[PDB]
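A single chain comes next, written as structure tokens; it is the form deposited in one PDB entry.
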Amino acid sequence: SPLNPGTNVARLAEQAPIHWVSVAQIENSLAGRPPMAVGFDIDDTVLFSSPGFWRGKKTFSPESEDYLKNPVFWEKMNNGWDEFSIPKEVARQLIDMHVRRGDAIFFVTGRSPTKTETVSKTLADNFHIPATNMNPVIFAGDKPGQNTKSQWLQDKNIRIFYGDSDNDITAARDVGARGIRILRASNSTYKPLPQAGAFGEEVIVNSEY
């Protein structure tokens, strides 16, 4: 509010009590452990997919969140608009690390399911995921016949789950998996940004890009 608010060195040096980690520290923590299943949220975790959601909002519901309940939007979103989604560097590093380990890589999303989807292909191509490590995207939710993110983590015996939202971390917590937080980019159109670290979970440094 003030024109010249100023600052002080206590504020400049102030740190939130967050357990920050690096990809290297995560890899070290898994040293010796045999191949296992690991999981990733998609949106704002491995892909900056705001471009599609932004276009979707403008096209189908400029004045509300109704586009997210619109099957015409989801068809477009899941069948080509991820060509405009920008893969995150943190995800390249994590996926490379887990492939090097021989881990099974799963993607678990809350996106609404569609007749067909090319998201799995986009992910395998962009992250250079060998077919042997790759698994088709799981569309999780509370719709009839679906299973929740938590149930899927149990089902696939996923030991580590990476995600940007509170629900991603609590999904891991509910089933005894290690939930590791990725920072949502500040130019995401999905606001407010989550409070990374709100469950005392590990948060990956510099993971906004």
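Start at 1 and count along the sequence shown; that's the residue number. Shifts are known only where both forms have a C-alpha. Basically, rigid core = biggest C-alpha set you can superpose within 1.5 Å across the two forms.
There is another form of the same protein, the form solved in complex with a small molecule; it is not shown, and what comes next is about it.
The candidate site formed by 25, 127 and 206 is entirely out of contact with the small molecule in the deposited complex, as no residue has a non-hydrogen atom within 4.5 angstroms of it. A residue is said to contact a partner when one of its heavy atoms sits within 4.5 Å of a partner heavy atom; residue 67 meets this definition for the small molecule in the deposited complex. At the 4.5 Å threshold, heavy atoms of residue 20 stay clear of the small molecule in the deposited complex, well away from it. By the criterion of a heavy atom within 4.5 Å, residue 53 is counted among the residues contacting the small molecule in the deposited complex. For residue 165, a non-hydrogen atom is located within 4.5 Å of the small molecule in the deposited complex, even though that partner is not displayed. The candidate stretches are 152 to 160, 45 to 53, 171 to 179, 29 to 37, and the one lying within 4.5 Å of the small molecule in the deposited complex by heavy atoms is 45 to 53. Identified as moving between this form and the one not shown on the superposed core is the stretch 141 to 148 alone, made of at least three consecutive residues whose Cα atoms shift by 2 Å or more.
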